[PDB]
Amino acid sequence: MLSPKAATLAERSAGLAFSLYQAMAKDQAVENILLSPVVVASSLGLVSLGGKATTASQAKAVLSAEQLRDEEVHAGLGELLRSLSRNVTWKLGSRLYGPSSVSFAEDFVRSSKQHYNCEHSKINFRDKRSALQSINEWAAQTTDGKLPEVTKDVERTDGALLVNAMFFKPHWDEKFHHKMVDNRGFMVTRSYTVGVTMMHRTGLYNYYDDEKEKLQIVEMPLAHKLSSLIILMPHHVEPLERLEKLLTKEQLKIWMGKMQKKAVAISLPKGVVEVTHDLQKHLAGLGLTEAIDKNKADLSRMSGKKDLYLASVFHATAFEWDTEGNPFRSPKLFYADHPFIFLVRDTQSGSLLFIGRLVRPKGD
């Protein structure tokens, strides 16, 4: 069980997740969303660790941990990361990539490994193909090939890159039958259908149908009821915008209290969803403006170089929807053949492990 300091930081990481999810959902270039609140929080923690004055304080402010002490922040997020490491497959890697010329500060290297399990690598961005190959090979090894590629291009080649590579596979408390898999059409829009593989199961699930707001919400417990996957979906095919307006920490709490265990016939897309986000512009929009700008950035604690700035914050995730899990009234239908929002919540702490949306699955 989480300490009072980690518990407080858990609230702030989840708060930041909702804030970041909303910012990205407003960006028309963004299709699918996959965010790990603790991992996103840790990225800010690293900026506070490797930065001084306004660069560091802005990171603390974005995290809403201004009231806390630097050490309390580092130790509490560190505890959070470690706590989310049981029968569910989860692989996480954090690596700081800096130019070949720069040498990271020994004390920073020690602290970033201690609290954030952050790896350090010097890369020559001039050899573009080799640099991308190094990042992609590292992400693949971290995820055992489930996330084979982070980015096809690195825009800013003069600063530090923070790469978070992840693999997450929910292991159900009540598995789907391995043969209850077939081909269906996923409605991306009312005019656009993509061929997907769907997995099906009828069981007892915490469910709520809002007749007024025309949406359904289902709670799918993960192995040994330690965490749950919550899926939010409009009744029919529509852009997620309307539902995203309703999605707040308070409204989620309202919906979850209204849920009841009912017979539910679930149909979900089956496969791996690969999403790479560069959180740089989004974290900047939330208040991290100084770390992102070459002229204002102060990452002197990180190396000893003022020129050093935060070029990118790659949040690369491979999320796998599979039938695998533990062996086990007229049902409600939870037919996920159109865009939905999902959250992975630790049943105990309430801490958000994941927040995302499936808008466009892979298929023809």
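Just so we're on the same page, rigid core means the largest C-alpha set that superposes within 1.5 Å between forms. For every residue, the number given is its place in the sequence shown, counted from 1.
Larger average C-alpha displacement in 8 other deposited structures of this protein, relative to the shown form after a rigid core fit, is seen for 302-310 when comparing 302-310 with 26-34. Once the structures in 8 other deposited structures of this protein are superposed via the core, the pair 178-186 and 67-75 is resolved in favour of 67-75 as the more displaced stretch (C-alpha RMS). Compared with other deposited structures of the same protein, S267 does not meet the criterion of being unmodelled in at least one third, since all of those that resolve residues on both sides include it. Among other deposited entries of this protein with both flanking residues present, none omit coordinates for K146; it is modelled throughout, well short of a third. Unmodelled stretch separating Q260 from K261: none (count of deposited-sequence residues without coordinates). In this entry, 32-40 has the higher mean Cα B-factor, the comparison being between 32-40 and 333-341. Stretches compared: 94-102, 216-224. Higher mean C-alpha B-factor in the entry: 94-102. Within the group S300, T317, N326, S312, the record's highest C-alpha temperature factor is found at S300.
Across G285, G159, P170, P269, the greatest Cα temperature factor reported in the deposited entry is at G159. Ranked by C-alpha B-factor against the other modelled residues of its chain, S83 falls in the highest third. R360 sits in the middle third of its chain by CA B factor, as recorded in the PDB entry. Sort the chain's modelled residues by C-alpha temperature factor and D307 lands in the highest third, per the entry. The entry lists a Cα temperature factor for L229 that places it in the lowest third of the chain's modelled residues. In the PDB entry, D70 places in the highest third of its chain by CA B-factor.
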